[PDB]
Structures are given as structure tokens and as C-alpha cells.
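Peer 1: What follows is a single structure, and I will ask about it in a moment.
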Amino acid sequence: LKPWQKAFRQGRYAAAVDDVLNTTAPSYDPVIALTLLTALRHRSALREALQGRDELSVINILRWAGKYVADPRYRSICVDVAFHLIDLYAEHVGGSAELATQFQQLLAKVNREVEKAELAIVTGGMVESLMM
Amino acid sequence: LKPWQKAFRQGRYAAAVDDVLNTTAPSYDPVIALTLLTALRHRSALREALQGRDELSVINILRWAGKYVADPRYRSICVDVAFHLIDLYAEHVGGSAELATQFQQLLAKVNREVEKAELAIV
């Protein structure tokens, strides 16, 4: 059995999430992670699942979001997860510089998705002027 | 039982969208639009419902999304719609200033949301 399956059969639901989101596990399947995170959103429980975690769980989740945010299939949930973690733990970045960095790294990545989207638009205007 | 629901179950995804995003209708309901749009996303049908549209329809959907994106109930969907629309249409915005303008304005809000989160960390 994969660690996440055991975790779910026992009541260790917080651990379960850490298990599917563990990308360096041999049995890791990114699609499974996306599945669970999108399943929780569909069930209106994404926030609840994400709250009341210790610093290590949260950093790992931030990092997962950051790994996939630039992938058009994962981007929606990564963006959601980012915003959910902000509203939940932005008050606890005090007793940690390790947590405040991962937040920045993720937000920098999100801001880049927006900046890359801006270029896709404004370039057309640039090519327009150039061809005339 | 409603036309947008029938269009949906019948796979006329784009027609359902055109229904729920018609704000001039007595029964226009942002919550219904949200229900539909998320429903498409769950069926992996959102891109399909947004694709193959004329310029004016794209400008109108972008505009619709700008109106709810800051609301946490709608943000996730609205941001997706932005990205979906960018991927599908950004290449054609040459010589279409109105559309480029509309894209920029929606992005500006998506930007604003990211900024607010940055501000929450600091």
C-alpha cells in the first residue's frame, strides 16, 4: 500500500495530504495530488483541509503549489491553494523566516504567471506597430 | 429544468455560458453563473465553452469576470477564465485594441489580487 492509502484507512487525514503531495516519494503521482486537491475544492473543503497544520506541512504544500503553478492543468488549483494559505497563515509568518520565504517564492511564481500573460497580450500591440 | 441546465446536460456548453452570462435577463444570477462555470471546470469542459468565440463575446466575458474576481466566492473561476481566455485568444489581439484593452483590465485586477496577498505576508 502507498503511504497515503494507509493514512486514509486510519484516521490520519492531515498525514494523507502530506503523503499525496510528497513529490520525492517513489510512488508519487502528480495526477493523484491534483485529483485530491480538486476533489476537496469540489466538496467545499479545500480550506478546511488546509487549516490547522504545522509549519512543515504548510511549507511542503506551498512548495507543491510552486512546482506546478506554471502548468496550465495544475495552475487553477495552485493559485487557489496559494490564496487559501495566505488567508490562513499570513499571521504566522512571524515566528518563521523559512515560511515567509516559501510564500514569497510561490507568490513570485504566481506573479510571473500574470506577467507572462501580460506579455502575450501586449506583444500583439508591439507586432502591430512594428509591421507598420 | 432550466434552459442553461438542459444546454449543459445536452453538452451545449457554450450555449449554457451565453445563458448564464446574459446580465440583461430577469433571472441573471451570478451564483448560477458560478455554478455553471465551476461545473464545466469539473467536467474539464470550460476551455471548450470559451473557445471558438468572436471578438465581441470575448470582450464581454472578460468584462463579466472583472466584476466578480475580487470576491473570494468567484476569484478562482474568474482567474481561470482569464487564463483560459489568454491562452485561447491572446495571439489574435493584434489590431484589436478594444480586446487588448479588455484583456489588460482583467489582468490588472488579477494582479491586484496577487499584490494584496504579498501585502498580507508583509
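By order of appearance in the C-alpha cells: chains A, B, ..., then residues from 1 within every chain, and ligands from 1 in the order shown.
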Within 6 Å of chain B, which residues belong to chain A? Use only C-alpha atoms and report them as number ranges by chain.
Peer 2: A: 90, 120-121, 124-125, 128
Peer 1: Output N, CA, C and O atoms for every residue in that selection, as a compact mmCIF listing (two decimals), in the first residue's frame.
Peer 2:
# COMPACT_ATOMS: atom_id res chain seq x y z
N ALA A 90 -0.88 33.90 7.04
CA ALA A 90 -0.18 35.18 6.90
C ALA A 90 0.12 35.81 8.25
O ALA A 90 0.95 36.72 8.36
N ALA A 120 1.91 38.13 -23.51
CA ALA A 120 1.11 37.51 -24.56
C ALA A 120 0.13 38.51 -25.20
O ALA A 120 -0.10 38.50 -26.41
N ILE A 121 -0.41 39.40 -24.38
CA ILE A 121 -1.31 40.44 -24.87
C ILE A 121 -0.55 41.58 -25.52
O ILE A 121 -0.73 41.86 -26.71
N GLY A 124 1.24 41.58 -29.15
CA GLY A 124 0.39 41.82 -30.30
C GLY A 124 0.35 43.28 -30.71
O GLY A 124 0.40 43.60 -31.90
N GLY A 125 0.25 44.17 -29.72
CA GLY A 125 0.28 45.60 -29.98
C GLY A 125 1.63 46.03 -30.50
O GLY A 125 1.73 46.89 -31.39
N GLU A 128 2.00 44.81 -34.04
CA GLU A 128 1.15 45.70 -34.83
C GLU A 128 1.88 46.97 -35.29
O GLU A 128 1.93 47.27 -36.49
Peer 1: Report, in Å with one decimal, the straight-line distance from CA of residue 99 in chain A to CA of residue 10 in chain A.
Peer 2: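 Answer for the CA of residue 99 in chain A to CA of residue 10 in chain A separation: 29.0 Å.
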Peer 1: Within chain B, find each residue whose DSSP state, derived from the backbone, is helix (DSSP H, G or I), and express the selection as number ranges by chain.
Peer 2: B: 3-9, 13-20, 30-42, 46-50, 55-66, 75-92, 97-121
Peer 1: For residue 79 in chain A, find every residue with an atom within 10 Å (counting only C-alpha atoms), except residues of its own chain fewer than 3 positions away, and show them as a compact mmCIF listing (two decimals) with N, CA, C and O atoms, in the first residue's frame.
Peer 2:
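selection.txt, written as the output of this step:
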# COMPACT_ATOMS: atom_id res chain seq x y z
N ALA A 65 2.45 23.62 -4.68
CA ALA A 65 1.84 24.67 -5.48
C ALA A 65 2.86 25.31 -6.44
O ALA A 65 2.58 25.48 -7.63
N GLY A 66 4.05 25.65 -5.92
CA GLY A 66 5.09 26.28 -6.71
C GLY A 66 5.66 25.43 -7.83
O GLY A 66 6.08 25.94 -8.87
N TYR A 68 3.96 23.43 -9.66
CA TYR A 68 3.00 23.16 -10.74
C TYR A 68 2.24 24.37 -11.25
O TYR A 68 1.65 24.30 -12.32
N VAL A 69 2.26 25.46 -10.49
CA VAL A 69 1.56 26.70 -10.86
C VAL A 69 1.75 27.09 -12.34
O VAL A 69 0.83 27.59 -12.98
N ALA A 70 2.93 26.83 -12.91
CA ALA A 70 3.17 27.17 -14.31
C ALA A 70 2.70 26.12 -15.32
O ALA A 70 2.99 26.24 -16.51
N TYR A 74 -2.57 22.42 -13.73
CA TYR A 74 -2.45 22.49 -12.28
C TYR A 74 -2.63 23.91 -11.75
O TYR A 74 -2.81 24.11 -10.54
N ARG A 75 -2.55 24.88 -12.66
CA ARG A 75 -2.45 26.30 -12.31
C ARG A 75 -3.63 26.82 -11.48
O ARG A 75 -3.44 27.53 -10.49
N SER A 76 -4.84 26.44 -11.89
CA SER A 76 -6.05 26.82 -11.16
C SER A 76 -6.00 26.42 -9.69
O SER A 76 -6.20 27.25 -8.81
N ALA A 82 -2.59 28.68 -3.05
CA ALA A 82 -1.79 29.84 -2.62
C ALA A 82 -2.61 30.85 -1.81
O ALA A 82 -2.27 31.15 -0.68
N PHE A 83 -3.68 31.36 -2.41
CA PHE A 83 -4.63 32.26 -1.75
C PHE A 83 -5.28 31.72 -0.46
O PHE A 83 -5.55 32.49 0.47
N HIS A 84 -5.55 30.43 -0.42
CA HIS A 84 -6.10 29.82 0.79
C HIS A 84 -5.04 29.85 1.91
O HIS A 84 -5.36 30.12 3.07
N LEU A 106 6.45 31.35 -3.88
CA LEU A 106 5.21 30.97 -4.55
C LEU A 106 4.53 32.18 -5.18
O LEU A 106 4.07 32.11 -6.33
N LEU A 107 4.48 33.28 -4.45
CA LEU A 107 3.85 34.50 -4.96
C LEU A 107 4.64 35.05 -6.15
O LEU A 107 4.05 35.57 -7.11
N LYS A 109 6.28 33.27 -8.25
CA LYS A 109 5.82 32.36 -9.29
C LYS A 109 4.41 32.69 -9.80
O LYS A 109 4.17 32.66 -11.01
N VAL A 110 3.49 33.01 -8.90
CA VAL A 110 2.16 33.43 -9.36
C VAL A 110 2.26 34.74 -10.14
O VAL A 110 1.65 34.89 -11.20
N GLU A 113 3.19 34.17 -13.60
CA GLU A 113 2.11 33.69 -14.46
C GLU A 113 1.31 34.86 -15.02
O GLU A 113 1.00 34.90 -16.22
N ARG B 75 -13.38 34.30 -7.20
CA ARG B 75 -12.00 34.56 -7.66
C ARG B 75 -11.39 33.42 -8.48
O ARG B 75 -10.86 33.65 -9.58
N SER B 76 -11.48 32.21 -7.94
CA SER B 76 -10.89 31.03 -8.57
C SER B 76 -11.37 30.87 -10.01
O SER B 76 -10.55 30.73 -10.92
N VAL B 79 -10.26 33.93 -12.33
CA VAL B 79 -8.86 33.84 -12.72
C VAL B 79 -8.65 32.79 -13.82
O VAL B 79 -7.95 33.04 -14.81
N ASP B 80 -9.27 31.62 -13.64
CA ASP B 80 -9.24 30.58 -14.67
C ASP B 80 -9.74 31.08 -16.00
O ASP B 80 -9.16 30.79 -17.06
N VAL B 114 -2.97 39.42 -6.44
CA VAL B 114 -1.65 38.91 -6.07
C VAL B 114 -0.93 39.90 -5.15
O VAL B 114 -0.39 39.51 -4.11
Peer 1: Can you pull out every residue within 12 Å of residue 28 in chain B, counting only C-alpha atoms, but drop anything in the same chain fewer than 6 positions away, and send it as a PyMOL selection string?
Peer 2: chain B and resi 4+17-22+34
Peer 1: Which residue gives the smallest distance to residue 14 in chain B among B:78, B:88, B:49, B:65, with only C-alpha atoms counted?
Peer 2: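 Result for the nearest residue to residue 14 in chain B: B:49.
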Peer 1: Show me, as an mmCIF file with N, CA and C atoms, in the first residue's frame, the residues that have an atom within 10 Å of residue 30 in chain B when counting only C-alpha atoms, minus same-chain residues fewer than 2 positions from it.
Peer 2:
data_model
loop_
_atom_site.group_PDB
_atom_site.id
_atom_site.type_symbol
_atom_site.label_atom_id
_atom_site.label_comp_id
_atom_site.auth_asym_id
_atom_site.auth_seq_id
_atom_site.Cartn_x
_atom_site.Cartn_y
_atom_site.Cartn_z
ATOM 1 N N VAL B 20 -26.166 31.967 -18.846
ATOM 2 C CA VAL B 20 -25.948 32.432 -17.500
ATOM 3 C C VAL B 20 -25.223 33.780 -17.459
ATOM 4 N N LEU B 21 -24.508 34.142 -18.525
ATOM 5 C CA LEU B 21 -23.783 35.410 -18.536
ATOM 6 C C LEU B 21 -24.560 36.540 -19.185
ATOM 7 N N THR B 23 -26.629 39.284 -18.580
ATOM 8 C CA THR B 23 -26.962 40.078 -17.391
ATOM 9 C C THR B 23 -28.245 40.890 -17.554
ATOM 10 N N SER B 27 -33.607 36.817 -14.783
ATOM 11 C CA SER B 27 -33.174 35.715 -13.933
ATOM 12 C C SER B 27 -31.655 35.568 -13.845
ATOM 13 N N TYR B 28 -30.923 36.479 -14.483
ATOM 14 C CA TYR B 28 -29.477 36.520 -14.307
ATOM 15 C C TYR B 28 -29.098 36.421 -12.833
ATOM 16 N N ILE B 32 -25.624 31.417 -10.060
ATOM 17 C CA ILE B 32 -25.910 30.431 -11.089
ATOM 18 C C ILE B 32 -24.793 30.345 -12.100
ATOM 19 N N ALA B 33 -24.296 31.495 -12.551
ATOM 20 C CA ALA B 33 -23.138 31.526 -13.441
ATOM 21 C C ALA B 33 -21.959 30.795 -12.804
ATOM 22 N N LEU B 34 -21.776 30.990 -11.504
ATOM 23 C CA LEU B 34 -20.642 30.389 -10.813
ATOM 24 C C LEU B 34 -20.808 28.876 -10.789
ATOM 25 N N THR B 35 -22.028 28.439 -10.463
ATOM 26 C CA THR B 35 -22.388 27.024 -10.513
ATOM 27 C C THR B 35 -22.089 26.383 -11.875
ATOM 28 N N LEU B 36 -22.543 27.023 -12.946
ATOM 29 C CA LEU B 36 -22.280 26.510 -14.277
ATOM 30 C C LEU B 36 -20.783 26.458 -14.596
ATOM 31 N N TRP B 64 -17.328 40.630 -17.795
ATOM 32 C CA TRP B 64 -18.131 39.982 -16.782
ATOM 33 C C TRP B 64 -17.235 39.507 -15.622
ATOM 34 N N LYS B 67 -15.897 41.838 -12.798
ATOM 35 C CA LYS B 67 -16.933 42.292 -11.897
ATOM 36 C C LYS B 67 -17.075 41.434 -10.656
ATOM 37 N N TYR B 68 -16.395 40.289 -10.625
ATOM 38 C CA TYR B 68 -16.564 39.345 -9.508
ATOM 39 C C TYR B 68 -15.250 38.811 -8.976
ATOM 40 N N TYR B 74 -15.993 34.019 -6.096
ATOM 41 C CA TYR B 74 -15.794 33.945 -7.551
ATOM 42 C C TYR B 74 -14.347 33.956 -8.057
#
Peer 1: Need the shell around residue 13 in chain A: protein/DNA/RNA residues with any atom at most 12 Å away, counting only C-alpha atoms. Skip same-chain ones fewer than 3 positions apart. Format as a VMD selection string?
Peer 2: chain A and resid 3 to 10 16 to 20 36 48 to 50 53
Peer 1: Which residue gives the smallest distance to residue 60 in chain B among B:1, B:85, B:25, B:37, with only C-alpha atoms counted?
Peer 2: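 Smallest separation from residue 60 in chain B among the options: B:85.
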